[PDB]
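So that the names make sense, note that chain A is the first sequence line, chain B the second, and so on, each numbered from 1. The figures that follow rest on heavy atoms only: side chains count, while hydrogens, waters and symmetry mates do not.
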Amino acid sequence: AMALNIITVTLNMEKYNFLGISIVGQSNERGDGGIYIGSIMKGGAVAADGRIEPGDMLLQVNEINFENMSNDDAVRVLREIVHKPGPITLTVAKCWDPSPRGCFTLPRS
Amino acid sequence: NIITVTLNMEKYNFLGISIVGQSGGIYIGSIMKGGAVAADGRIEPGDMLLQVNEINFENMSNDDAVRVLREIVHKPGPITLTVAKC
Amino acid sequence: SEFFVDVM
């Protein structure tokens, strides 16, 4: 496994009070997959920063690991986090390939 | 059942809903205690949102639909949601 | 299916 790129973005929730993203889950039979950025909407904290992009894998939010987390939990946790005031730090990977197994694996085809 | 829900938004500044996009339309994910939608009671998870204040979502991406919804909730005044019971 | 994070 190697990373194409890993970035850490601190969002000022004081200047933009909502994140402005959707999340998408991928998983296969084998437990591979994760939580990924779906849409990024203009006007939100994530769009203003400009660095996170659709298809990036969410690795961590604040101090919480998102790499082995059900969709239900990912959605609930992100809301708990947005709900309370204060900064939000998102760590994401830029993925080589958008398949469940593909974020940290170079395409072979 | 297509239902029209008028929320006067006098006592609530938010709908108290989450949205789910399907690749096609936007649907109710969950309804939160303390929002206008729960106070009304008629909308359920999995209902499809068709229009808000005469604006039709059929003509926009799911994420643009959510942006417009957010903008209309932000504007003071009553909200009318048109939903398809699923 | 995409799950919008911000509550409306």
Requested in this report: Grab the two heavy atoms, one from B:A84 and one from B:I2, that are nearest each other, plus how far apart they are.
Outcome: CB-CD1, 3.7 Å
Query raised in the report: Do A:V61 and A:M57 belong together in a cluster built from hydrophobic side chains that touch within less than 4.5 Å?
Result: no
Report task. Output, in order, the C-alpha distance, side-chain angles, deciding distance and verdict of side-chain contact (heavy atoms from CB on, under 4.5 Å) for B:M60 and B:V68. Result -> CA-CA 10 Å; B:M60 48 190 90; B:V68 162; 3.9 Å; yes
Report task. Decide side-chain contact (heavy atoms from CB on, under 4.5 Å) for B:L15 and B:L7; before the verdict, give the C-alpha distance in whole Å, the side-chain angles of both, and the deciding distance to 0.1 Å. Result -> CA-CA 9 Å; B:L15 298 178; B:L7 310 164; 3.5 Å; yes
**Report entry** Minimum heavy-atom distance C:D6-B:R70, with the two atoms named
**Finding:** CB-NH1, 3.9 Å
Report summary line: Nearest heavy-atom approach of A:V24 to C:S1 is CG1-O, 3.9 Å
Report task. Just do the side-chain contact (heavy atoms from CB on, under 4.5 Å) check on B:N62 and B:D64 with the steps written out, would you? Result -> CA-CA 6 Å; B:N62 292 335; B:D64 281 341; over 6 Å; no
**Report entry** same_hphob_cluster(B:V83, B:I17) at 4.5 Å side-chain heavy-atom cutoff
**Finding:** yes
Requested in this report: Give the minimum heavy-atom separation between B:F14 and C:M8, together with the two atoms involved.
Outcome: CB-O, 3.9 Å
Report summary line: When rounded to the nearest 0.5 Å, the distance separating CG of B:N53 from OG1 of B:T80 is 5.5 Å
Query raised in the report: How far apart are the closest heavy atoms of B:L49 and B:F57, and which atoms are they?
Result: O-CD1, 3.4 Å
Query - Under-4.0 Å salt bridge between B:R67 and B:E71 - result: yes
Requested in this report: Please round to the nearest 0.5 Å and tell me the distance separating atom CE of A:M41 and atom CG of B:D63.
Outcome: 6.5 Å
Report task. Grab the two heavy atoms, one from B:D47 and one from B:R42, that are nearest each other, plus how far apart they are. Result -> OD2-O, 4.3 Å
Report task. For B:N56, check side-chain contact (heavy atoms from CB on, under 4.5 Å) against everything at least two apart and list the hits. Result -> B:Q51, B:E58, B:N59
Query raised in the report: Do you reckon A:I7 sits in the same ILVMFWY cluster as A:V46, going by side-chain contacts under 4.5 Å, direct or chained?
Result: yes
Show me the side-chain donor-acceptor pairs of residues 30-40 of chain A shorter than 3.5 Å, one per line, residues at least two apart or across chains.
| unit_1 | atom_1 | unit_2 | atom_2 | d |
| --- | --- | --- | --- | --- |
| A:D32 | OD2 | A:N28 | ND2 | 3.0 |
| A:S39 | OG | C:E2 | OE1 | 2.7 |

Requested in this report: May I have the step-by-step check of side-chain contact (heavy atoms from CB on, under 4.5 Å) for A:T10 and A:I88, ending in yes or no?
Outcome: CA-CA 6 Å; A:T10 304; A:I88 299 177; over 6 Å; no
Query raised in the report: Roughly how far apart are B:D40 CG and B:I3 CD1, rounded to 0.5 Å?
Result: 7.0 Å
Report task. Supply the atom-to-atom distance A:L78 CG to A:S22 OG, rounded to the nearest 0.5 angstrom. Result -> 11.0 Å
Query raised in the report: Taking atom CH2 of A:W96 and atom CG of A:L4, what is their separation to the nearest 0.5 Å?
Result: 4.5 Å
Query raised in the report: From B:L81 CG over to B:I72 CD1, what is the distance, rounded to the nearest 0.5 angstrom?
Result: 9.0 Å
Under 3.5 Å, which donor-acceptor pairs do the side chains of residues 98-109 of chain A form with other protein atoms, sequence neighbours left out?
| unit_1 | atom_1 | unit_2 | atom_2 | d |
| --- | --- | --- | --- | --- |
| A:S99 | OG | A:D97 | OD1 | 2.7 |
| A:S99 | OG | A:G102 | N | 3.4 |
| A:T105 | OG1 | A:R101 | O | 3.4 |

